[PDB]
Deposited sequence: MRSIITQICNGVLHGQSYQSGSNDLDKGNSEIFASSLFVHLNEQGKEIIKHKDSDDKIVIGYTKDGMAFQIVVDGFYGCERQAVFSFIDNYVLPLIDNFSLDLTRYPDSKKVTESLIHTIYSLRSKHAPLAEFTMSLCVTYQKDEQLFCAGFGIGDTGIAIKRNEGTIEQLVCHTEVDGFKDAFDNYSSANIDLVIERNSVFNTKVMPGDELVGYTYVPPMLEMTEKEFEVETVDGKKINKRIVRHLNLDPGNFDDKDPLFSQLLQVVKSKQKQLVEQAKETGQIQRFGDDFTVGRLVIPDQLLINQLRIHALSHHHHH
């Protein structure tokens, strides 16, 4: 392993939360929070499974930043999922960044990467069934860019230095399907790619990527809905109307989620009825580095 991992979270045990803290190596540019928003009450309004989510954030040996957001389907497979990401996905990231620099069409480079990941999964990790988005930075033409993709229900948003929030990877929903890295979706990888998210964008130091496995659904908006041959596909974005330009997006998302979750739990308790809703909740932050930090990380990777 030549990449530098500054934050990692392999699930969290039921009933617990995880807050990573900052890592001094990348000057507090990366953090993870992991918990569960699952609520299950009896009729008293009294409370009644571990997380399958994983986030990895770090830098290649070339100092390029990456974030990987993963959501495993099934609790009995979670170690197969977490091992697959370590053993097969992470070693691809450095060459992905180099191929984005070296080839003219980022869309072809990313489609090739997605095909490779399904092939490795088939050959080496049949029990790793999971949705995933990822992104990496790369340098071209004396500027910095970020490219990646998501298949399934994880998302990646970006808060730009000037304060604008944009979606890079949307949460995709397809009627009657759960598109994913799994045996079933591998039958038509190119159709799966076409209806999910691939992106390529210029970034500046201080732009802030926020990856997440889940948010309470009233906090998303529908960016686009379209039909495929007949199923409806929905692209769901974090709704920027809940945010402002001052604090980091990671800070504001945790605050807006926690306020919404206290409202949901209060409503659920007061109904005098069984209630069950919510899911595992894992959030990663990655601030795009400046050149000085990129150079420091390259040195650290060598020594």
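- Missing from the model relative to the deposited sequence are positions 49-51, 233-240, 315-319 (no C-alpha coordinates, numbering from 1).
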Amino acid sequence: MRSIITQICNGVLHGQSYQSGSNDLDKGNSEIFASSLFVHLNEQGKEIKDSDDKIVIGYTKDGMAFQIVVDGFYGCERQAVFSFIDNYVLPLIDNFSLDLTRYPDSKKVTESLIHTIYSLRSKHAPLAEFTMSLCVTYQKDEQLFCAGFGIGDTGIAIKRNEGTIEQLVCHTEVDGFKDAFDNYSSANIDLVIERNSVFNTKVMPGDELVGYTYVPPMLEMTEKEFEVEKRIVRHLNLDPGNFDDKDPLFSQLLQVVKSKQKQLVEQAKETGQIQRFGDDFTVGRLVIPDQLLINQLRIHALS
From here on, numbers count along this sequence of modelled residues.
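- Legend: mean Cα B-factor per stretch from the PDB entry, 244-252 versus 26-34; the higher mean is in 244-252.
- As listed in the deposited structure, the average C-alpha B-factor of 63-71 and of 263-271 is greater for 263-271.
- Taking the PDB entry at face value, the top CA B factor among 86, 111, 77, 175 belongs to 175.
- Across 41, 236, 257, 56, the entry's maximum B-factor at the CA atom is seen for 41.
- In the deposited entry, the Cα temperature factor of residue 15 places it in the highest third of its chain's modelled residues.
- Ranked by C-alpha B-factor against the other modelled residues of its chain, residue 1 falls in the highest third.
- In the deposited entry, the Cα temperature factor of residue 140 places it in the highest third of its chain's modelled residues.
- Residue 224: CA B factor in the highest third of modelled residues in this chain (values from the PDB entry).
- Ranked by C-alpha B-factor against the other modelled residues of its chain, residue 218 falls in the middle third.
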